[PDB]
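S.K.: Have a look at the structure that comes next, please.
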Amino acid sequence: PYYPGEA
Amino acid sequence: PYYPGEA
Amino acid sequence: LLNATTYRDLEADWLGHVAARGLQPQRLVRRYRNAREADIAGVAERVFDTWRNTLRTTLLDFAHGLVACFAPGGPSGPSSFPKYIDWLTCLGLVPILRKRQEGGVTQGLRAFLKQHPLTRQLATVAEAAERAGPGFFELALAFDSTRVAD
């Protein structure tokens, strides 16, 4: 998955 | 079992 | 410290806890063999609540461990705050002196981080500490380098 604030 | 904060 | 964490490692750790207990959903439902969904849901909720509380206290302990390194430098030694305030109250000026070097705070950070066991114990904490470490070292250098004149 993915997330807006993750590096 | 295992726990996140035990020795 | 909190911002450094990531979802994937946290989910992996939760799954590892469940596997270590062996309390997976399929096995538990096969064990009870009843359709009282509310009871099993409450049991699972309480299991997760236990895990969440343990994680909370563990992270609080580590966080307090980190803070102690910096705190003593603020009130006394290089960059003392009351000296700054009385400088302001007397003149409005604040003479400062600077040299780049590594001192007590950086040594404390170096000793504390490399020894701590929570890095081994939890992958999430390992990655979070690895990410937050460099910023802590830069901030410690900032603490150590500057001095407010007498």
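Every residue, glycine as well, gets a Cβ built from its backbone with ideal geometry; the counts of neighbours run over all protein chains shown. Where a number appears in this text, it was derived from the coordinates with a stated rule and is not lab data.
S.K.: Condition first: of a type in the set (D, E, K, R) and over 21 Å from C:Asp9 (Cα atoms). Now tell me which residues in the range C:128-147 satisfy that.
M.R.: First pass over the range C:128-147, keeping only residues of a type in the set (D, E, K, R): C:130-131, C:138, C:144, C:147.
Once the filter is applied, which keeps residues that are of a type in the set (D, E, K, R) and over 21 Å from C:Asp9 (Cα atoms), the range C:128-147 yields C:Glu138, C:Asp144, C:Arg147.
S.K.: Using the structure shown, decide if C:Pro72 is under 28 Å from C:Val148 (Cα atoms), away from chain B (no Cβ under 14 Å) and not in a helix (DSSP H, G or I).
M.R.: Numbers: under 28 Å from C:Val148 (Cα atoms): yes; away from chain B (no Cβ under 14 Å): yes; not in a helix (DSSP H, G or I): no.
No.
S.K.: Restricting attention to the range C:98-126, which residues are under 20 Å from C:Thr57 (Cβ atoms) and charged (D, E, K, R)?
M.R.: Passing the criteria: only C:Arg120.
S.K.: For the structure I just gave you, tell me whether C:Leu60 is exposed (fewer than 12 other Cβ atoms within 10 Å of the Cβ), without any contact (Cβ under 8 Å) to a residue 60 or more places away in the chain and under 30 Å from A:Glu6 (Cβ atoms).
M.R.: yes
S.K.: Could I ask something else about it? May I ask you to verify whether C:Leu88 is part of a helix (DSSP H, G or I), closer than 24 Å to C:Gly104 by Cα and more than 14 Å from chain B (Cβ to nearest Cβ)?
M.R.: Values: part of a helix (DSSP H, G or I): yes; closer than 24 Å to C:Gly104 by Cα: no; more than 14 Å from chain B (Cβ to nearest Cβ): yes.
So C:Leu88 fails the test.
S.K.: Which one is nearest to B:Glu6 (Cα to Cα) among residues in the range C:137-150 that are surrounded by fewer than 16 Cβ atoms within 10 Å (Cβ to Cβ) and of a type in the set (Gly, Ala, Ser)?
M.R.: Among them, the one singled out is C:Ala142.
S.K.: Further, regarding this structure: If I ask for residues that are over 30 Å from C:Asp13 (Cβ atoms) and among the basic types (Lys, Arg), which ones from the range C:74-127 would you list?
M.R.: C:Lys83, C:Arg98, C:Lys99, C:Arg100
S.K.: Looking only at the range C:1-37, how many residues end up being loosely packed, with under 14 Cβ neighbours inside 10 Å and more than 10 Å from every other protein chain (Cβ to nearest Cβ)?
M.R.: Final tally of qualifying residues: 16.
S.K.: Looking at the range C:98-136, which of the residues that are surrounded by fewer than 11 Cβ atoms within 10 Å (Cβ to Cβ) and outside any helix (DSSP H, G or I) is nearest to the chain's Cα centre (by Cα)?
M.R.: C:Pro117
S.K.: Another question about this same structure. Considering every residue within the range C:16-39, establish whether at least one is hydrophobic (A, V, I, L, M, F, W, C), farther than 30 Å from A:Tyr3 by Cα, touching a helix residue (DSSP H, G or I) at 6+ places or on another chain (Cβ under 9 Å) and part of a helix (DSSP H, G or I). Spell out how you get there, then give the answer.
M.R.: In the first step, residues of the range C:16-39 are kept if they are hydrophobic (A, V, I, L, M, F, W, C); the result is C:18-20, C:23, C:28-29, C:35, C:38.
Next cut, farther than 30 Å from A:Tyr3 by Cα only: C:28-29, C:35, C:38.
Those left that are additionally touching a helix residue (DSSP H, G or I) at 6+ places or on another chain (Cβ under 9 Å): C:28-29.
The next check asks that each one be part of a helix (DSSP H, G or I); those that pass are C:28-29.
The answer is yes; a qualifying residue exists.
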